[PDB]
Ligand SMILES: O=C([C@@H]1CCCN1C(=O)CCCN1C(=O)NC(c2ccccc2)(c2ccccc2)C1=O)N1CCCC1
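Quick heads-up: it's one chain on its own, the form solved without this ligand, in structure tokens.
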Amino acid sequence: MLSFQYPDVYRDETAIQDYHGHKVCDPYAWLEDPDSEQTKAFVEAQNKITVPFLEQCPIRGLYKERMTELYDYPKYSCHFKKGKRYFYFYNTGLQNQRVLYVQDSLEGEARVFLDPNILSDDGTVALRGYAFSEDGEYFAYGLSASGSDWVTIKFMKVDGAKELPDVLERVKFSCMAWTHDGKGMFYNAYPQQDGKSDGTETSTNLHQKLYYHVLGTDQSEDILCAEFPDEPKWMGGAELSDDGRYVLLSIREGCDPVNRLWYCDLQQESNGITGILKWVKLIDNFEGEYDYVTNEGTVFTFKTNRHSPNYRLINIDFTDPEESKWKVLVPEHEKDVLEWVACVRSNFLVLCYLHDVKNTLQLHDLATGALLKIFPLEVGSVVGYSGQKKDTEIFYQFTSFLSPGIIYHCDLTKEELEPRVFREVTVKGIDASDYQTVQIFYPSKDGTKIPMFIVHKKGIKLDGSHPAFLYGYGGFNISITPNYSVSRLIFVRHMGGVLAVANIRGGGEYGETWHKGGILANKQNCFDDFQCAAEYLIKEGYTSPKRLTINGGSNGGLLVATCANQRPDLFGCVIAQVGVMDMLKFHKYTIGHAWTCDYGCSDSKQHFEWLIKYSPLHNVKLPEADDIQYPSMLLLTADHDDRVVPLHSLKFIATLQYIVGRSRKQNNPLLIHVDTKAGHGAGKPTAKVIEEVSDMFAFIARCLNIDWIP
């Protein structure tokens, strides 16, 4: 098949670093500089071979045409109310960015409120965060360009959708919260730094501070309200209590699901917000997570994991704050994870649980925590919710593997609560009834039972003949729950494929114990779990190694790259998106310091010894057996991915092509595609999403020689 040559790539054989006596050579360290002529030429040369490979075969166009047809369906978010108006997001089908609409009543005619598509023709300027004033009359929103995490905050008056002059720069990883007097808004920003701040730099992000912006002033006038000069990794996010009386500051240091919780009683400020607030350090350690739900006077309800790995609700009275005095409002469940909680209609709580990787939704009494109502759902996920304390209704959106899903509405003023379908769209071209979703539990190496969803055409024979696409993430307490993907359903229907999603350890599916089971010294459990998922699909006859593709992104990109090194015999194709590949250096760049809770950090001798065993960049090795080569691999990244800097994928592909690609037995391609004007993924325009899925499935089809099934 391979009718191209890999690019010349210089090896700096002098690049050696000692880690606690262990010498590590890094011959492609120069690819860490995105701005050099050398790195730019590398990217150019790699794209020059990848693009013709992906575009050459007619199946890419067949896939793209079908994706363009099938993805063209109306896409709505839940309605939410702010002040006297309702809002929702809506994409007519193929707009690059969804549009924010407003109406003056649920009966009322909608109009465009914010349309990001007119901000850039290629749709690479996207909304990233927003906050309405308490009265709903003013609106702040973040914009990111080219997929960067950097944000510019802009402002509008809601009535008439009027642009205001206020602009806030240097915003990243920011909360936004208006004080209820309508004077101004809390937000986070970083200090000025040398070099670029556009998403193409690798500079580490430290010393984030909390500011207050008074509407109608220049950013230079903003008040510094909190800073942590002795703790450069701390990040303090502010929110207002539901009654507007207290600023609650949640301080985090990295990815650990824990936070400090400080508060400021605004009534006690000497003269309004004029400098560092009189913070009361209610919870002044990183031992537990405390997520504000609501308060009634000084009694504050928090969702917490403090000695409760599946989470629970507690009340802390600010007048009697010692731990032995806290009240348990809704105890921890033995198995089900309490995912989130909202307070609505003054004295209702909405609780969303995860029960064996499917969501349930119920209403509880605020005063006692008693269960009041179960909202019936099919098997799938709750992916949207609206309803705050002053609201008298909820909206929530359900989705699953086989249907775009349903938006429900429930009027909570009625004696008998009757949720009703509010919006439901069906995708013509896909008949959900032709397919089924099953959940199985398979044993990992150490015997732990791991959940997996499998989606396939009804009545297939389990004879190993089918292409399969196995997805995993496995980290950061993230649960991978059912979601709707037209792109994956085209693989099922038009490529005869089987979809699988493995809920491996490191995730949040079974609470904090599931997370801890796949981090730090136990990170290898993630990889073992995922390899065991592949073995299950093979043994049970869904697929065979030569027909199996694995995919993951970010921490999931690390997952599939590691699995390619550890078990190249198990996979036909590997697609690693925006992956962390250099586990010895990840903490040096942008926000990578925040991932040490899951990975550790190479500065520690103990951690180095875990990391070096699985780091993809440091474990590329020719398979011993003459009859085994590496799977076909495709790495996808982009030049403004400032979440996972692209050097990770650049150095990894250079290493793959040199160590493995040069071998005579290697006939499967090892390729990278580096996109422009894009980043880690959030906010990617529809046009780019379509190109990306078309590339992925064309790669699979070509490498595995799969015929299109029209």
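All residue numbers refer to positions in the sequence shown, first residue = 1.
Another form, the form deposited with this ligand bound, is not on view; read the next lines as being about it.
- The pocket of the unliganded chain is judged open, since this ligand, transferred from its pose in the bound PDB entry by superposition of the C-alphas around the site, places no atom within 2.4 angstroms of any backbone or C-beta atom.
- For this ligand in the bound PDB entry, the listed stretch (587 to 595, 417 to 425, 628 to 636, 601 to 609) containing residues with heavy atoms inside 4.5 Å is 587 to 595.
- The shortest heavy atom separation between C255 and this ligand in the bound PDB entry is within 4.5 Å.
- Shown alone here, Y473 lies within 4.5 Å of this ligand in the bound PDB entry, counting heavy atoms only.
- Proximity of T562 to this ligand in the bound PDB entry falls outside the 4.5 Å heavy atom cutoff.
- The shortest heavy atom separation between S554 and this ligand in the bound PDB entry is within 4.5 Å.
- The partner is absent here, but in the bound PDB entry a heavy atom of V580, alone among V580, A533, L354, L261, sits within 4.5 Å of this ligand.
- Checked against this ligand in the bound PDB entry, the residues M235, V247, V337, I490 give one hit for a heavy atom within 4.5 Å, which is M235.
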